Structures are given as C-alpha cells and as structure tokens.
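Asker: I am attaching a structure below and will ask some questions about it afterwards.
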Amino acid sequence: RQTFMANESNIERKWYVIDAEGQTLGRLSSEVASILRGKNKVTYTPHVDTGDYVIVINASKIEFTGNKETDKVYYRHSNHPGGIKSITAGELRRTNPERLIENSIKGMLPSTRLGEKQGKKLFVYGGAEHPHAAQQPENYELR
Amino acid sequence: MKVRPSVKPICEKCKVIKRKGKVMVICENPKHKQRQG
Amino acid sequence: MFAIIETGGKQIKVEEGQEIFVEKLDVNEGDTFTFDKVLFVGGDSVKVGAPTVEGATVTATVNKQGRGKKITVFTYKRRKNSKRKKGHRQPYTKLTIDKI
Amino acid sequence: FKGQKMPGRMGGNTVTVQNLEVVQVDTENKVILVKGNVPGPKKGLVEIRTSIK
Amino acid sequence: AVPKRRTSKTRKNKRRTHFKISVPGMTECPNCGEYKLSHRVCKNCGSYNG
RNA sequence: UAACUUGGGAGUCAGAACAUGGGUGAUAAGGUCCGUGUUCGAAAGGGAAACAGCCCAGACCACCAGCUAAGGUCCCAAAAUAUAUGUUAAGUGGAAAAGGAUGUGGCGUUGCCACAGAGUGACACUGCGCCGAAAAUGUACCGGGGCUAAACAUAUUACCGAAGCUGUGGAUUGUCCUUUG
RNA sequence: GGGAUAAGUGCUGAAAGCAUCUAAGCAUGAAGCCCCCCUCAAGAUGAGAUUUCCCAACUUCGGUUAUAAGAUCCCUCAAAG
C-alpha cells in the first residue's frame with residue numbers, strides 16, 4: 001500500500017498568463033482546462049485540488065474557423081413559458097468577450113462540488129492589461 | 001418569380017446561374033424568372 | 001538507499017528497518033530470509049538496470065506469521081431465491097529489512 | 001407554469017403616469033395644480049419630473 | 001387529501017423550529033421590589049405610580 | 001469422451017427478440033404462423049450516452065500486479081493534438097425519394113486548332129457534396145463543450161482496455177499414489 | 001427614433017476576352033430580432049459603489065468584557081394590514 005496522496009498542507013500553486021491573440025476558441029480552451037485541473041504535475045491527487053491560476057488576456061482577438069461568426073447560436077431559457085433567447089457568436093464577441101471564453105472552458109470541467117471551485121481560478125479580461133500585478137504571474141506558452 | 005423544385009430553361013435567351021447556394025434562371029422575359037432548383 | 005524487490009507476484013519498495021507485509025512464506029518465525037530478485041538499486045546509490053541486477057541480495061528477519069482482517073463475501077440475485085455467504089482471512093508474513 | 005394568476009396582496013407598488021400637464025403654479029403658497037390625478041393616498045410623497053417623450 | 005408518505009423524526013423536528021413562546025418581558029417595581037408586568041399594576045400590592 | 005439398458009424422484013405443456021429461408025397482411029406493424037442458428041428466460045463483467053434479447057466474454061475466494069478482446073486515444077474520461085498520401089466548405093459528418101443543376105475530383109473517348117489566341121466545344125463511366133426538406137412545454141437527430149480536421153477513404157506503427165488468460169497465496173471435490181505425498 | 005437583418009432591389013467585379021447582385025469588396029431593405037418606454041432586481045456566494053456616525057479598559061491568550069453609534073421588548077395608533 002505504498003502510494004502517496006497530497007493534502008492541503010503540502011500543495012502549492014503558481015500563477016500563469018495565457019494570450020488569446022490569434023487562437024482558436026476550442027484549441028485554446030482545451031489546454032487551459034488541463035492546467036486548472038492539475039494534470040501536469042506528478043501529484044495528481046484526484047480528491048484534492050492542485051491546479052494553477054490562469055489569466056487570459058486579449059480575449060477579443062479569439063478567432064473561429066469557417067462560417068461560424070453567423071452560424072453558431074447560443075441559446076438560454078428563463079423558465080417562463082415561451083421565453084427562450086438566443087444570440088449569435090459574432091455579436092457576443094463584439095459585446096461581451098469575457099463571457100465567450102469563460103463559458104467554453106467551463107463546459108470542459110466536471111460538474112461537481114469540486115469542479116465549481118476550479119472554475120473560480122479563471123480570470124478573463126479583453127484589454128492587454130490586467131490588475132493582478134501583486135502576484136508574480138509568469139508566462140505560459142501553449143503547445 | 002416562380003419557385004419550384006425543378007428549374008429548367010424555356011427559351012434560347014434564358015441562362016442558369018447560381019447565387020448563394022441556390023440555382024436560378026435569369027432571363028429577359030420577366031415571366032421566365034425562376035429560382036431554387 | 002532504496003531498492004525494488006519482487007517477492008509475491010508483486011514488487012515492494014524497501015528501506016533499512018522498514019516493516020513490510022508480504023504473502024505467506026514457508027520460513028519459520030525468528031528466522032532470517034533473503035530475496036534473490038532485486039530489480040532497481042538507486043536513490044543515493046548508483047542507478048542500475050534490468051531485467052535483474054547481478055548479485056545484490058536483500059536480507060531480512062521474520063517477525064510473525066498471521067492471518068489478516070476478516071471480510072465477508074455476500075451476494076444475491078433479486079426476485080430469485082438465491083443468496084450465498086462466505087468468510088475469508090488471508091495469511092501474511094511480516095519482515096524487517098536490514099541490509100540492502 | 002411560472003407566472004400564473006393567483007390570489008395575493010395587491011397595491012403598494014410604484015406607479016408612473018406620463019404626459020400630465022401643469023395649470024397654475026401658485027407661489028406665496030408653494031402649491032402646484034396638475035391637470036389629472038396622481039397615484040397614492042393623501043399626505044403621501046409624489047415626484048414630479050419633465051417628460052421623456 | 002390524505003398523506004402519501006409517513007413523516008420522519010427529522011422533518012417533524014424542523015417544523016417546530018418556530019413553535020415556541022417568548023419571554024413575558026417584565027421589570028422590577030420601584031415599590032414592591034418584585035417583578036411585575038410592564039404597564040400594569042403590581043399584583044402583590046397595587047401601586048401604578050404613573 | 002461419451003453412449004445404451006433396467007429400476008427410484010421430478011419439473012415443463014403462456015415463451016421473447018436478433019439474423020437468414022417462406023406463407024398471410026399492403027415486397028405495413030416491437031403484427032402473426034412455420035423451418036434453421038444463437039443470446040435472454042436461468043448470466044454477473046466491458047462497449048453501444050441511458051437501454052432483458054445487439055458486438056466481446058461464461059464470476060470458487062483474497063491482491064494499490066502483469067498481457068489482451070469488442071471499442072477506442074483534443075477536454076469531461078484511462079491511452080497519438082502520431083506518420084505517409086488523397087478527398088469534402090456543407091457543420092456534410094451528426095435521419096429520407098422521384099426529379100433538377102456551368103459544385104468539385106478523377107478517368108477515358110473525341111470534333112476543331114479556332115471559341116471571340118493558346119488551346120476549344122460533345123459524350124460515357126465514377127468518388128465526395130448542393131436543392132427538393134414544414135409541428136406542437138425548452139436548444140432537442142454528434143451524450144455535452146467544441147472541431148475545417150478532433151470529418152471521410154487507404155496503409156503501417158505504438159498505447160489504453162473485462163470478474164477473459166497469466167503471476168503468487170488459500171479452499172473444497174474427482175482422477176492418477178511420477179515424492180506416506 | 002438609432003443598430004444589425006429576412007424575402008427582394010442593386011452598384012463594382014472576376015473564375016469563363018463578353019455576360020453576371022458574389023467568390024474578394026461596398027450599399028439599401030419589415031408590425032418581426034437587439035437597445036430605446038415602464039416595474040422588479042447585489043443570496044449577482046462573482047455577495048458592487050457613494051456620503052456620513054462610533055473607536056478603550058483588563059489581561060501572559062496570542063484573548064476576554066460590558067458599553068458606544070444604533071436597533072428592539074413594552075405602550076398610543078393608521079395613509080398599512
């Protein structure tokens with residue numbers, strides 16, 4: 001029974017910054033959902049969280065491939081009879097680019113009490129700057 | 001304009017072009033104009 | 001100085017004075033055993049290779065033969081009058097490593 | 001279905017009446033006269049703002 | 001209508017979270033020296049002393 | 001490695017789907033009535049999103065051990081953002097016909113070197129797409145995010161993957177005693 | 001009233017010397033879509049912002065304590081219920 005598990009006491013976490021310039025929405029989202037989850041460090045510890053905080057920058061520059069800016073609809077419901085709304089992925093990005101990236105990455109993390117706490121490590125901002133200079137966020141390069 | 005599953009020419013003048021993923025037939029005589037074959 | 005032995009159809013990481021539990025051997029309590037199949041000698045000492053290192057035996061003393069904690073094997077199939085109940089205690093041997 | 005009509009407590013809620021008109025503003029008493037009626041009971045607070053349309 | 005399921009000891013003891021009577025809220029009288037009800041007379045000897 | 005013979009004790013006489021030969025119905029029905037196989041009934045485990053009957057495989061018990069089957073390898077979710085060569089722009093992939101069409105690859109066969117100069121018109125045979133395509137609480141026919149390759153045809157090389165096989169301990173029951181075992 | 005569009009109408013323009021609303025590009029176009037108009041809304045656990053008010057005594061706890069700004073028990077009531 002020689003197996004090592006990691007507890008809150010022995011876990012540390014880093015801060016990274018990813019740039020969305022010239023990146024596909026689904027080719028960037030997949031790689032960020034493996035950092036938040038902590039599948040790059042040797043002590044995986046599925047019961048405990050070991051992931052790292054990431055900061056997206058320039059999230060407007062995100063790019064879609066083929067006729068999607070007018071042929072991809074995001075639907076929602078408000079529980080009232082007949083109330084079902086929709087907005088095209090083009091207009092969403094010219095309106096609220098933080099939401100676009102942030103609702104694609106979260107559809108790749110599990111839906112449990114623990115995947116809800118790993119979705120709070122994602123900070124998204126359209127501008128080339130970010131207000132988190134108080135830490136030491138080092139850059140991470142997507143492969 | 002006449003919309004029908006089958007669009008074929010009727011005179012020497014009529015011509016068959018394609019706009020926006022649809023097959024139509026422009027032509028001089030406005031009675032010959034048809035779309036979506 | 002840790003090594004990787006291969007005793008009971010399994011492998012075990014071993015350190016000096018570590019208490020390790022393995023499957024039932026024939027050696028009597030209070031005797032001294034030895035392991036002839038060592039796979040990896042490393043850590044502080046020189047990294048070595050495989051299938052098996054040349055020589056490199058590991059020695060230990062036998063402390064107790066025993067029988068593990070009891071479990072109960074119950075199963076059934078619903079709407080069909082069929083059940084079954086069994087017990088089990090798996091035997092073991094406890095050793096202490098003293099020379100790698 | 002959410003949004004059904006059932007019994008419940010009614011009134012008490014903020015109401016607006018648009019496009020009303022002023023008649024005489026009577027300084028030395030500080031009273032205005034507005035052509036029409038105004039929501040609320042007597043001795044109650046009302047607001048008066050220029051129309052948006 | 002009748003009840004479809006029984007009610008457990010847990011769901012029964014939550015309902016009575018609020019089924020309790022409050023303190024009568026009394027004060028000492030500056031004659032009797034004995035606790036009396038506020039805005040009433042001292043029963044022990046009647047002196048309202050408004 | 002089964003067979004037959006005489007004696008003791010029985011249960012069963014409402015069957016179901018799937019594939020393949022046929023009646024009947026309308027070359028309708030999870031329809032029904034026969035022949036021939038298998039699985040369920042009386043069968044757990046892995047895949048098909050969930051799903052008695054479909055593809056793989058038959059659980060004596062214990063283990064933080066190995067190699068495989070169907071099916072798979074961007075994230076949820078274990079293992080290739082692998083390699084080489086091609087196709088498809090519709091989100092086809094991820095429901096459907098008669099018919100219609102200068103969509104685009106191949107392959108040939110040809111008439112004329114003009115058709116309005118470097119080339120031009122007519123035919124088969126085929127790969128993959130387009131239109132035809134309208135329903136009732138809520139997107140709602142990829143399981144979801146998402147994808148222009150993470151889609152499709154062809155060929156190799158690894159890897160994951162079950163209570164299957166193996167490795168080491170234990171338990172009962174039969175056959176042999178290669179060693180009172 | 002402004003914004004982006006549906007069926008249609010085009011302008012420029014090739015693949016195909018011409019022709020052609022489309023492939024690159026530039027417009028116009030509905031009681032419908034999104035803001036404008038009217039109420040609710042920070043338990044929006046992502047819990048926001050603004051101006052004001054109060055702020056020492058005991059400790060070997062590294063914390064305790066009542067009291068401050070303030071709000072209630074109780075009582076007289078209606079524009080409320």
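Chain lettering (A, B, ...) mirrors the order of the structure tokens, residue numbering begins at 1 for each chain separately, and ligand numbering begins at 1 in order of display.
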Considering only C-alpha atoms (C1' of nucleotides), tabulate each residue of chain G that lies at most 12 Å from chain A along with its nearest interatomic pair and the corresponding distance in Å to one decimal; arrange the rows by chain and ascending residue number and present them as CSV.
Answerer:
```
residue,atom,partner,partner_atom,distance
G:3,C1',A:91,CA,11.8
G:4,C1',A:91,CA,9.2
G:5,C1',A:70,CA,11.3
G:33,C1',A:87,CA,9.7
G:34,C1',A:87,CA,9.4
G:45,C1',A:120,CA,11.8
G:46,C1',A:120,CA,8.9
```
Asker: Going by DSSP on the backbone, which bits of stretch 37-125 of chain A are strand (DSSP E or B)? Write them as a count of residues only, please.
Answerer: 20
Asker: Excluding same-chain residues fewer than 4 positions from stretch 18-22 of chain B, what lies within 10 Å of it counting only C-alpha atoms (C1' of nucleotides), as a PDB file with C-alpha atoms (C1' of nucleotides), in the first residue's frame?
Answerer:
```pdb
ATOM      1  CA  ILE B  26     -32.312  34.844 -65.077  1.00  0.00           C
ATOM      2  CA  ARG B  35     -35.370  30.068 -58.500  1.00  0.00           C
ATOM      3  CA  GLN B  36     -34.367  27.202 -56.226  1.00  0.00           C
ATOM      4  CA  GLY B  37     -33.998  24.101 -58.321  1.00  0.00           C
TER       5      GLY B  37
ATOM      6  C1'   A F 101     -28.463  21.702 -61.689  1.00  0.00           C
ATOM      7  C1'   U F 102     -21.520  25.567 -65.591  1.00  0.00           C
ATOM      8  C1'   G F 103     -20.266  22.435 -57.373  1.00  0.00           C
ATOM      9  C1'   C F 130     -25.862  21.033 -53.096  1.00  0.00           C
ATOM     10  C1'   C F 131     -31.586  21.845 -53.774  1.00  0.00           C
TER      11        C F 131
ATOM     12  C1'   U G  20     -23.407  38.113 -64.370  1.00  0.00           C
ATOM     13  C1'   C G  21     -26.015  41.025 -57.118  1.00  0.00           C
ATOM     14  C1'   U G  22     -20.877  37.113 -55.045  1.00  0.00           C
ATOM     15  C1'   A G  23     -16.499  34.231 -54.766  1.00  0.00           C
TER      16        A G  23
END
```
Asker: At a cut-off of 12 Å, list the chain C residues touching chain A, using only C-alpha atoms, as a count of residues only.
Answerer: 10
Asker: Please provide as a ChimeraX atom specification all residues within 10 Å of residue A:54, with the sequence filter that same-chain residues fewer than 4 positions apart are discarded (counting only C-alpha atoms (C1' of nucleotides)).
Answerer: /A:14-18,32-33,35-36,121-124,137-140
Asker: Could you write out the selected residues, including C-alpha atoms, as a PDB file, in the first residue's frame?
Answerer:
```
ATOM      1  CA  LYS A  14       1.556  29.065  -9.385  1.00  0.00           C
ATOM      2  CA  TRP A  15       0.083  31.887 -11.458  1.00  0.00           C
ATOM      3  CA  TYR A  16       0.248  31.977 -15.264  1.00  0.00           C
ATOM      4  CA  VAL A  17      -0.787  34.269 -18.094  1.00  0.00           C
ATOM      5  CA  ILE A  18      -2.115  32.981 -21.468  1.00  0.00           C
ATOM      6  CA  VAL A  32      -6.430  25.748 -20.239  1.00  0.00           C
ATOM      7  CA  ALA A  33      -8.782  23.143 -18.803  1.00  0.00           C
ATOM      8  CA  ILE A  35      -3.941  23.434 -16.160  1.00  0.00           C
ATOM      9  CA  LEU A  36      -6.803  24.405 -13.883  1.00  0.00           C
ATOM     10  CA  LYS A 121      -9.364  30.211 -10.870  1.00  0.00           C
ATOM     11  CA  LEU A 122     -10.071  31.575 -14.363  1.00  0.00           C
ATOM     12  CA  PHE A 123      -9.797  35.347 -14.847  1.00  0.00           C
ATOM     13  CA  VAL A 124     -10.716  36.759 -18.261  1.00  0.00           C
ATOM     14  CA  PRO A 137       2.348  35.729 -12.868  1.00  0.00           C
ATOM     15  CA  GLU A 138       4.853  34.165 -15.240  1.00  0.00           C
ATOM     16  CA  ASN A 139       4.004  33.486 -18.880  1.00  0.00           C
ATOM     17  CA  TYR A 140       2.934  30.075 -20.149  1.00  0.00           C
TER      18      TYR A 140
END
```
Asker: What lies within 10 Å of stretch 71-81 of chain C using only C-alpha atoms (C1' of nucleotides), ignoring chain neighbours under 6 positions off, as a PyMOL selection string?
Answerer: (chain C and resi 87-90) or (chain F and resi 42+44+61-62)
Asker: With C-alpha atoms (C1' of nucleotides) retained, write the just-selected residues as a PDB file, in the first residue's frame.
Answerer:
```
ATOM      1  CA  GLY C  87     -15.797 -15.722   5.012  1.00  0.00           C
ATOM      2  CA  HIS C  88     -12.112 -15.225   4.331  1.00  0.00           C
ATOM      3  CA  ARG C  89      -8.838 -14.481   6.124  1.00  0.00           C
ATOM      4  CA  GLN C  90      -5.736 -14.080   4.028  1.00  0.00           C
TER       5      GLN C  90
ATOM      6  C1'   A F  42     -31.827 -19.369 -15.587  1.00  0.00           C
ATOM      7  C1'   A F  44     -22.850 -11.163 -13.469  1.00  0.00           C
ATOM      8  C1'   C F  61     -12.190 -16.728  -2.637  1.00  0.00           C
ATOM      9  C1'   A F  62      -8.040 -12.780  -1.458  1.00  0.00           C
TER      10        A F  62
END
```
Asker: Once you count only C-alpha atoms (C1' of nucleotides), what closest atom pair and distance in Å to one decimal does each residue of chain F within 10 Å of chain A have, with rows by chain and rising residue number, as CSV?
Answerer:
```
residue,atom,partner,partner_atom,distance
F:64,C1',A:1,CA,5.4
F:74,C1',A:30,CA,6.6
F:75,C1',A:30,CA,5.1
F:76,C1',A:108,CA,5.2
F:81,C1',A:27,CA,9.0
F:89,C1',A:66,CA,8.0
F:91,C1',A:67,CA,8.7
F:137,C1',A:81,CA,7.1
F:138,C1',A:77,CA,7.0
F:139,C1',A:75,CA,5.8
F:144,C1',A:107,CA,7.5
F:145,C1',A:107,CA,4.5
F:146,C1',A:26,CA,5.4
F:147,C1',A:26,CA,7.2
F:148,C1',A:65,CA,6.7
F:150,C1',A:27,CA,9.8
```
